[PDB]
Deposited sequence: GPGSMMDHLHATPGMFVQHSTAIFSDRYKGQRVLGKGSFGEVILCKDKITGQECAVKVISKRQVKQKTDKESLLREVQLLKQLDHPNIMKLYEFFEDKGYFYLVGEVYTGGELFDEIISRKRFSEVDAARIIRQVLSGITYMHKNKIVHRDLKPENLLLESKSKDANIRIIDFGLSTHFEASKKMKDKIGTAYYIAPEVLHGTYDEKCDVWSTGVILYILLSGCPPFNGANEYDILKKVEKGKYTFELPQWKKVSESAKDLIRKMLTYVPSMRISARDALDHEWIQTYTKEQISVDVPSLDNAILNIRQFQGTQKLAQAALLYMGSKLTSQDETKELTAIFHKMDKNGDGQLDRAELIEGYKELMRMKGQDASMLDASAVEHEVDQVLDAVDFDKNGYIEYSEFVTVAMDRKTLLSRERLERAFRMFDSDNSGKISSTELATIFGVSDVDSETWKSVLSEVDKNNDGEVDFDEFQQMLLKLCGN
């Protein structure tokens, strides 16, 4: 048994992924930068025993492929699992596709050839992804010709999926029908890739709906069509591959290996017009998915900040002996560390030295009542500006407003009941204009999480 904090130190928060938060860490001797996924044992349950998890981790470390994330180390303590691996800076595949001006079948074929090359390799080693989606397709670096890296391969076998809607955004579109009923094998990853290929060439999911349960209903039935006008500009071989990848019965569905030898992958990687209607639809889709996620994370961060404000105020009130409302530096460190000992250690706060630094950063700006307000506003600082940034990206015409039809789509992806947000809208919008600005939209989210 080795300790994580003795080998690695936290540098900055990279983001939130499946089963936990991702941190940019650095080796205290060699100085090698690494991405670390911190899985909380309280929030995430184990689907397998300790000996099964250690055997797969050991295998996953020895595996190597240019389109699969490299895992380096694994650590464990009383309340956490630390998966240490290679860090990628190119960002998510779909976030890059919306920034580029043109996109065609040659670009889509080059993307899916890499995804299949990685999936084929991991299938030969008896490892299944299960939760493959665009969010799990990161680009290795900030370049035009950057390789794709599939992340979280094999973690679904050992960790239970979250039931919280903030952790289930954009999952129902790509999940295979057999995974919903229980009997599934490695062919579920081909379906998930088939769905991604369908969106790359049209910009609309094949199985869609006004809410999570409606999307799963269409997926379970397994029916889709190429009746949208944008499919006329796409080739017949691209559609044939999608037909074979989105076959309902997994035994009849094409394998990852045979999908590489398909005429479409062989012809478009070894005329081709730009798919302009597809890029505009991927841009709208990505913006809608990111605003829905930012809304749920904003509502979540606000709720945790209220709980932590009252808990941190109760800790400092007990420590205040004379009752003057003031405390020393060393006292404030003991109280802030006590919050992590009671309400679970923070992802950014890797050790006691990280807490001492965070307390000093609050004291530079900032009376313990004033210290709580600043310390807790810095926790939400990322989620508040991410919501505003996501609202500005969603509002592509820069009108400053979001229509009622757009709210229904946003709240639909966030799985907020139709009658609940329409009732909350009436509490702020009393003139019924059928549209809201950012402040009004933020006020709706605050009312939805008890404010």
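A.B. asks: Could you please spell out the deposited residue ranges that have no C-alpha entry in the coordinates?
C.D. replies: Holes in the chain trace, numbered from 1: 1-20, 291-295, 392-399.
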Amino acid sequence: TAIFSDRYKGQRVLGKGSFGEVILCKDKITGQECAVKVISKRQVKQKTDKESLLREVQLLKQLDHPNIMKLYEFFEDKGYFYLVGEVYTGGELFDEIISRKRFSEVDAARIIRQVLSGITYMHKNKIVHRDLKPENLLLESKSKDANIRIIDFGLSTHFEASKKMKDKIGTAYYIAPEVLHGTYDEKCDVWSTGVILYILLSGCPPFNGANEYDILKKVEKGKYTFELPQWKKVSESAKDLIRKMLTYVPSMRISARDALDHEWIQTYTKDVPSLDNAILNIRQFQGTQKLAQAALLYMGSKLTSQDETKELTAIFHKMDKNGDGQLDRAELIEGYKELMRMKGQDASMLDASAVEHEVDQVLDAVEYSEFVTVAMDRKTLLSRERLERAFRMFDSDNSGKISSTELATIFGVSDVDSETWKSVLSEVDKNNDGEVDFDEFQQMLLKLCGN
From here on, numbers count along this sequence of modelled residues.
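Between two forms, the rigid core is defined as the largest C-alpha subset superposing within 1.5 Å.
A.B. asks: Which of the two stretches, 33-41 versus 405-413, has its Cα atoms farther on average from this form in 9 other deposited structures of this protein when everything is superposed by the rigid core?
C.D. replies: Per-stretch check in 9 other deposited structures of this protein: the more divergent one is 405-413.
A.B. asks: Just give me the stretch that moves more in 9 other deposited structures of this protein: 78-86 or 288-296, judged by RMS C-alpha distance after a core fit.
C.D. replies: Comparing 288-296 with 78-86, the one that moves more in 9 other deposited structures of this protein is 288-296.
A.B. asks: Does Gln345 go missing in at least one third of the other entries compared here?
C.D. replies: Yes.
A.B. asks: Are coordinates for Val272 absent from at least a third of the other PDB entries that model its neighbours?
C.D. replies: Yes, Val272 lacks coordinates in at least a third of the other entries compared.
A.B. asks: Look up the CA B-factors in the entry and say which stretch, 183-191 or 278-286, has the higher mean.
C.D. replies: Higher mean C-alpha B-factor: 278-286.
A.B. asks: If you average the Cα B factors in the entry, which is higher, 377-385 or 117-125?
C.D. replies: Per the PDB record, 377-385.
A.B. asks: Can you pull the Cα B-factors for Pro229, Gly91, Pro206, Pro134 from the entry and say which is highest?
C.D. replies: Most elevated C-alpha B-factor of the set, per the entry: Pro229.
A.B. asks: Which of these has the highest Cα B-factor in the record: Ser423, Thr405, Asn67, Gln32?
C.D. replies: Comparing C-alpha B-factors across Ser423, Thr405, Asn67, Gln32, the maximum falls on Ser423.
A.B. asks: Would you check the entry's CA temperature factor for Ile3 and let me know if it's in the chain's lowest, middle or highest third?
C.D. replies: Within its chain, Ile3 is a highest-third residue by C-alpha B-factor, going by the deposited values.
A.B. asks: Just say lowest, middle or highest third for the CA B-factor of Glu334 relative to the other modelled residues in its chain.
C.D. replies: Tercile = highest for this residue's CA B-factor.
A.B. asks: Using only modelled residues of the chain, where does the Cα B factor of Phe371 rank: lowest third, middle third or highest third?
C.D. replies: Answer is highest: the recorded C-alpha B-factor places it there.
A.B. asks: Test of reading the entry: by CA B factor among the chain's modelled residues, which third contains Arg110?
C.D. replies: Middle third, going by the recorded CA B-factors of the chain.
A.B. asks: For the chain shown, is the CA B-factor of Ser202 in the lowest, middle or highest third of its modelled residues?
C.D. replies: Middle third, going by the recorded CA B-factors of the chain.
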